[PDB]
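Engineer:
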RNA sequence: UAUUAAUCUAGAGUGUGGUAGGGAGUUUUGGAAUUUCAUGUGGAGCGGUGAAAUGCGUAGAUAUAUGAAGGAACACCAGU
Ligand SMILES: [Mg+2]
Ligand SMILES: [Mg+2]
């Protein structure tokens, strides 16, 4: 019922999440590899990110929006498969801003696995 | 060479004149980010791994938007 809005696409190294939201807060719908039915290790594969983007794009397109600002997030591997999925869905991508949290040397990160 | 009586400025210092620094201590100040809490939207997983399982989640989590509190460390500049 709204023309413009925001779709946050977080890409963790282990999973991915695509949240379609109002231009300010108030998410309208959300989807993830887990809710699709994919389980375990497969949830971290670029193909799954594209699949998740496709379902949320179809759902949100029937709701009737055109202009999308795409706030890319995370540091996974399928960060662009979802991007191409939305473009092939045909929504009007207006911005490609990236907002992955970067620290300015605050908080000590965890130990190195070996 | 050592001792003593003295002279000199080139060794080393002092002053004047230029001058580069994340040199140190004390007292204040700032923004991201994490965590917790508060308020909305939302509706089934999130999390983790070589693969999983403990764990967290319909008491509404992850996510998204705003605010508050608090502690720690000071991205880029930053380097033949
Ligand atoms: Mg680790
Ligand atoms: Mg805040």
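In this note's numbering, the protein residues as written are 2 to 115. For every residue, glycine included, the Cβ atom is placed at its ideal position computed from N, Cα and C.
Name the one or two DSSP bridge partners that residue 9 has.
Structural biologist: When DSSP reads this structure, residue 9 sits in a beta bridge with 20 and 72.
Engineer: Which class does residue 4 belong to by DSSP, given the choice of helix, strand or coil?
Structural biologist: Collapsing the DSSP output to three states places residue 4 in coil.
Engineer: Using CA atoms only, rank isn't needed, just tell me which of 49, 20 and 111 is closest to residue 1.
Structural biologist: There is no way to answer for residue 1, as the model of the chain reaches only from 2 to 115.
Engineer: Taking one C-beta from the segment 31-43 and one from the segment 62-69 each time, how about it: are there three or more such pairs within less than 8 Å?
Structural biologist: Proximity of the segment 31-43 to the segment 62-69 falls short of the contact definition, fewer than three beta-carbon pairs being nearer than 8 Å.
Engineer: Indicate whether residue 48 and residue 82 have their beta-carbon atoms separated by less than 8 Å.
Structural biologist: yes
Engineer: Using the Cβ count rule (16 or more neighbours within 10 Å means buried), how would you classify residue 157?
Structural biologist: Beyond the ends of the chain as shown, which are 2 and 115, falls residue 157; an answer cannot be given.
Engineer: Quick one: complete alpha helix (DSSP H) runs, 4+ long, within the segment 74-109?
Structural biologist: 82-90
Engineer: For residue 109 and residue 62, what's the separation of their Cα atoms in angstroms?
Structural biologist: 42 Å
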